[PDB]
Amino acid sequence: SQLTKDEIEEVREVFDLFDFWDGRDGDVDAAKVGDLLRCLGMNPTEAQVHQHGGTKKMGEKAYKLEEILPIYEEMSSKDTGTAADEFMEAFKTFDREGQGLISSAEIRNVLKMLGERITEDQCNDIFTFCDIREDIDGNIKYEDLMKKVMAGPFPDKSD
């Protein structure tokens, strides 16, 4: 719709990658929508996806391209995308003292038990691809984690 020629271009660039693995044919499976956006750089929550076009199971229905554009458009618009400010406000609500540190388990539970919960996998993967270490008292700097998490996995230009 009101998207650009570049963006559209940018969307295909990724769509087709997605098409290529369910077998090139020009259609992608709705459960994919979630992940297809995270690669066009965004960070929806499942709730945001569901409501937007996402489905929760792989045989539910496949979208075309001219079908994702609007799903993309309508979503590059919400702006509560989540800021470095909000995350940091939230973790204070767990920072027992004020020293910025936070018990290793606890961060691992918040992430695993609350909000839109995460697998003992994703939960351990990320602590790994972000080298987040404990410290003698076994706690974690939530800022170290936040910076990295939002940096990306490929920060400067390569990995």
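We number the residues from 1 along the sequence you see.
Looking at 121-129 and 101-109 together, the entry lists the larger mean B-factor for 101-109, computed on C-alpha atoms. Relative to one another, 14-22 and 144-152 have unequal mean CA B-factors, and 14-22 is the one with the higher figure. Per the PDB record, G59 has a higher Cα B-factor than any other of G54, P44, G59, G115. Annotation for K64: CA B-factor lies in the middle third of the chain's modelled residues.
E74: CA B factor lies in the highest third for its chain, per the PDB record. Annotation for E86: CA B-factor lies in the middle third of the chain's modelled residues. For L37, the recorded CA temperature factor ranks within the lowest third of the chain's modelled residues.
In this PDB entry, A31 carries a Cα temperature factor that places it within the middle third of its chain's modelled residues.
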